[PDB]
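There is one chain below, alone, in structure tokens, taken in the form deposited in one PDB entry.
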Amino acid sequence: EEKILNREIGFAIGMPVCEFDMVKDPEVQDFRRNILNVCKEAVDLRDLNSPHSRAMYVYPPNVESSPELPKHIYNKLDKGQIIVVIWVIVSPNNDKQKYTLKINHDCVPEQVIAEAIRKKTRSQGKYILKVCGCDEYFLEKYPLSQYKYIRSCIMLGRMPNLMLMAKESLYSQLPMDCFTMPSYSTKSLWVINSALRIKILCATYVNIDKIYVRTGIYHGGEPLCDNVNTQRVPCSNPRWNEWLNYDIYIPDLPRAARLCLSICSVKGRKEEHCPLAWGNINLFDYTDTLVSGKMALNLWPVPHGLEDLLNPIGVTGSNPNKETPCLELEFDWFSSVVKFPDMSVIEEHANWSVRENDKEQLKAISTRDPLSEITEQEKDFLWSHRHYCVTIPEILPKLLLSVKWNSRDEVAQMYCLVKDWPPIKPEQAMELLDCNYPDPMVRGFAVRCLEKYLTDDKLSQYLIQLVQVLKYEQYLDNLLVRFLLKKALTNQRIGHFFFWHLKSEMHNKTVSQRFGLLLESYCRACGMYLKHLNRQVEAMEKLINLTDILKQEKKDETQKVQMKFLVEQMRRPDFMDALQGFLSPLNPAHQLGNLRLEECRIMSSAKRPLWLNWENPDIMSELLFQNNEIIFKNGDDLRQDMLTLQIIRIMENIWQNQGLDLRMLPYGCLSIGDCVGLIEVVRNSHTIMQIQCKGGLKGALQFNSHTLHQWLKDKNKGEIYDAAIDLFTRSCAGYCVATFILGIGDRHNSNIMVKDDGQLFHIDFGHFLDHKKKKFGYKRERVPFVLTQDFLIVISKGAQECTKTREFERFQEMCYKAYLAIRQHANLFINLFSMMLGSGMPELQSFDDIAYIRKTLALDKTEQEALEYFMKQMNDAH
């Protein structure tokens, strides 16, 4: 009954549900019960206009955020009209009959259906349109061209193939709702007029000259007073029994104040100080109670490259592995439960607390990026004009950093300004969810802006950042988690990726409990989709096990011997059952039928990825792709690839909306677990090395700089030649600018690919945010801007003086405009990286890595000065 559901939830999370029942922490048990209200709200929203609302939960419309088509995309249409093919399965014989329509690009799905019924009858509202080849439906009254598949077809010059289906055929297959409620369902802070003191008792599980406890009171990475240390003791005896006194009074403690601890080592050789373990504690609990009495905290291992003695950004709470350094502490008891004051009380205290050159200086401060330095004079300038700031709402992040958070008088006044602040755009509100803004009223404002202005499309686009910033929340139950869970439980496409973003981090013990509890409530209310997720989990476990054996046990063996083990392991019954008949985690609309074993190989690229091939079992698979090819890789942190691919997509939208048709290729990529994941294979593509080692002769100098252009001319003879050179130029321009801005390394000719039609794209983003310079080669082949002689020959249509042709001038102008369009949206890009700073991605571990984008974008120069910097970089590559 519930034991069946709990066993299936346990298999999905990879953690038994009875482990959550064993947790005595009241915050954990209150979260498990209180989050069920979000589940019941999502389940009721799903049945509002049942079964149409249920069908749109399982098969939501995959649309762009705006119906507006840029003038250059409207020109791809024939007088504002599109040609679409509508298919029908007639039965008997199950014949495929097509009916070709020419309709207005903005026709709603029912107008398309009516026109297909008209064309078919030439020889009422009971039908739906489905994309041929995949489980994607057009159930909503959006203009046809707003659906991503139709929008993609217009831009890619392809013909839409849709399938006409009976409404009953789909609705009858929707399972009934199975959400069932689980069985597990004062003094004021401001009247204490003393300074804060905390007792450090003793440590256990700590076996070096001396050891000490370093402590500090922080609010979002910023110290609220000076750090205070215990006395140094010789390692063997870590008993301190010492009260530490802080220079901060209890009423001046902000709501998100934390105690940040560390056990540090001292070595006398200049005294060498090293942190051995760290732990942070929220000074107020989830019920707003100031902590008091004895407490024990199990500490965490120091993350690589900490560089400081404390870890104030790190996760809050005790290490679940109790067999780690354990610090015992004691807080004061003020003869009653102390609580943070009510909003009305804070509002009463805020009231009791109280040129044109200046209006332009406030506007300039407002447009600076999240990493730009804000001086002490500027902080005083911003806070003194805090009332004029409400009229430039985009300055709220700069103003929040000007507040003295260790002063309840300034904070009470900031709460009044936050309460009446005008709503801001989601890309600006997302910055207020990073580690710099722990205050719940600031965070609450930010989430309300997201609920008001975020479409389901933009929510999906920014899901990686929103799931990562959950780690920064002080408590399990918060406004952000409730917003994401409700969205995941009301749109199954969002729920699918939301599941995988949490599941893929369950190995990280700093988030295991938060994400595991969040996963339990999602699995309990996602419905029958849990059965599909379990099949995805089990197929991925079989591949992770297979690739682990290959990388550890049979690593050195030859390709033939590796393939013999692969084929033998894949032909096993348990393996075949697990790897066939499940949905693609890259896109759950793609069904993965039978494995085409003969087409599966171990690739010769770094970490030896697996090239897998499945039949697409859709009745109309021929109209999309007969076979789904996916790369499964063990060894890379594919979250860097996910972050880069998201940025490329956003950069492409910036360019497209500005009339700059720089065709990019952000193929799918999904992190499945610890350095494991899936990569979408782009069909009909070849690396530059493969093109060069086809026109190259055995024994002769390989990697010649004229093969690329020759191969493209043989593939595009005639009028289609001009289109291929143009597509190559635009795509190469976009990828030169993108790889430059982001500092993408390993730009060898096996990581740069080309399609038959001329489209160039990059792969493998295991290196970003640096100039990784080759150990050998020519000066022009080792500069940050990567543009080869091979590309210049294609761009100039074969000319020998390629840097002098008119086609190279047109390619240069493309690069200049593409560079400036991204520099205008720099704040967004800096913020998307900054939100990921605590993920543990090998190439993004500090603000110095993000500072690389501030240099390539030349944010500390003027618009004209940045363009000349970019021109000098382009010129260095030739």
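Between two forms, the rigid core is the largest collection of C-alphas that superpose within 1.5 Å. Residue indices: 1-based, along the sequence shown.
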Practice prompt. Going by root mean square C-alpha distance after a core fit, say whether 87 to 95 or 500 to 508 is farther from the shown form in 7 other deposited structures of this protein.
Written response: 87 to 95
Worksheet item: Rigid core superposed, root mean square over structures and residues, which stretch has C-alphas farther from this form in 7 other deposited structures of this protein, 607 to 615 or 77 to 85?
Response: 607 to 615
Worksheet item: Do at least a third of the other compared PDB entries leave residue 151 without coordinates?
Response: no
Worksheet item: Taking the other compared entries of this protein, do a third or more of them lack coordinates for residue 778?
Response: yes
Discussion item. According to the entry, how many residues of the deposited sequence fall between residue 207 and residue 208 and are not modelled? Options: none, 1 to 3, 4 to 9, 10 or more.
Written reply: 4 to 9
Worksheet entry | residue 698-residue 699 interval: deposited residues absent from the model | none
Worksheet item: Higher mean Cα B-factor in the deposited model: 658 to 666 or 439 to 447?
Response: 658 to 666
Worksheet item: Comparing 223 to 231 with 720 to 728, which has the greater mean CA B-factor as deposited?
Response: 720 to 728
Item to complete: Could you say which of 306, 203, 586, 651 has its CA atom at the highest B factor, as listed in the PDB entry?
Response: 306
Worksheet item: Taking the values straight from the PDB record, which of 62, 34, 812, 834 has the highest C-alpha temperature factor?
Response: 812
Item to complete: Grab the CA temperature factor for residue 41 from the record and place it in the lowest, middle or highest third of its chain.
Response: middle
Practice prompt. State the tercile, meaning the lowest, middle or highest third, of residue 152 with respect to the CA B-factors recorded for its chain.
Written response: middle
Worksheet, complete the sentence: Tertile call for residue 130 (CA temperature factor, within chain, third-based) is the lowest
Worksheet item: Hey, what third does residue 684 fall into on Cα B-factor, ranked over its chain?
Response: middle
Worksheet item: Is the Cα B-factor recorded for residue 808 in the lowest, middle or highest third of its chain?
Response: highest
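One more form of this protein, deposited with a small molecule bound, exists but is not displayed; see below.
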Item to complete: Work out which of the listed stretches, 430 to 438, 335 to 343, 507 to 515, 270 to 278, brings a heavy atom within 4.5 angstroms of the small molecule in the bound PDB entry.
Response: 430 to 438
Discussion item. With the partner left out here, check for me: in the bound PDB entry, does some heavy atom of residue 313 sit within 4.5 Å of the small molecule?
Written reply: yes
Fill in: 4.5 Å heavy atom contact, residue 36 to the small molecule in the bound PDB entry
no
Discussion item. Taking any heavy atom pair closer than or equal to 4.5 Å as contact, tell me whether residue 816 reaches the small molecule in the bound PDB entry.
Written reply: no
Item to complete: Report yes if any heavy atom of residue 824 sits within 4.5 Å of a heavy atom of the small molecule in the bound PDB entry; otherwise report no.
Response: no
Item to complete: Tell me, out of 497, 655, 190, 472, which residue has a non-hydrogen atom within 4.5 angstroms of the small molecule in the bound PDB entry.
Response: 472
Worksheet, complete the sentence: If we test each of 302, 799, 371, 309 for a heavy atom within 4.5 Å of the small molecule in the bound PDB entry, the one that passes is 371
